[PDB]
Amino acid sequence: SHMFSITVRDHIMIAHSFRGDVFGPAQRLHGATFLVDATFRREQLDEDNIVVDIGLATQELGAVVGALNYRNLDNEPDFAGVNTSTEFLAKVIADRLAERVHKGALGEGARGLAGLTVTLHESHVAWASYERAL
């Protein structure tokens, strides 16, 4: 079998705290920079010979993460009572991107994408990902 992909990178800077003794000092209100990498995959190149319009990909990724950027996530109703771990946020961003694909925001071609992955890098030594089908 075979598969093509493209990945584009953005980033966000947020505040949050975690619930649970397991988190140790991360129970305190702190924050992070996450590099946000969105990978789009598909089995065959589209009629422009690409996986997805990078302009739309970067735009739409920007639209998704723009709603999270420069925020204290502990105050965000969408996340009330939920630990906003790096892996959780990877899924949040993946799902919001997936909805934009389904809505045609990445072009009619992007309806033929097979899946996507969102990877968040919280430091030089830790990163998390969420992969899903489309």
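Start at 1 with the first residue shown and count on from there.
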{"item": "18 to 26 versus 115 to 123 - which carries the larger mean C-alpha B factor in the record", "value": "18 to 26"}
{"item": "39 to 47 versus 86 to 94 - greater average Cα B-factor per the deposited record", "value": "39 to 47"}
{"item": "Where the record places residue 101 (Cα B-factor, split into thirds across the chain)", "value": "middle"}
{"item": "Where the record places residue 73 (Cα B-factor, split into thirds across the chain)", "value": "middle"}
{"item": "Where the record places residue 65 (Cα B-factor, split into thirds across the chain)", "value": "highest"}
{"item": "Third assignment of residue 134 from its chain's C-alpha B-factors", "value": "highest"}
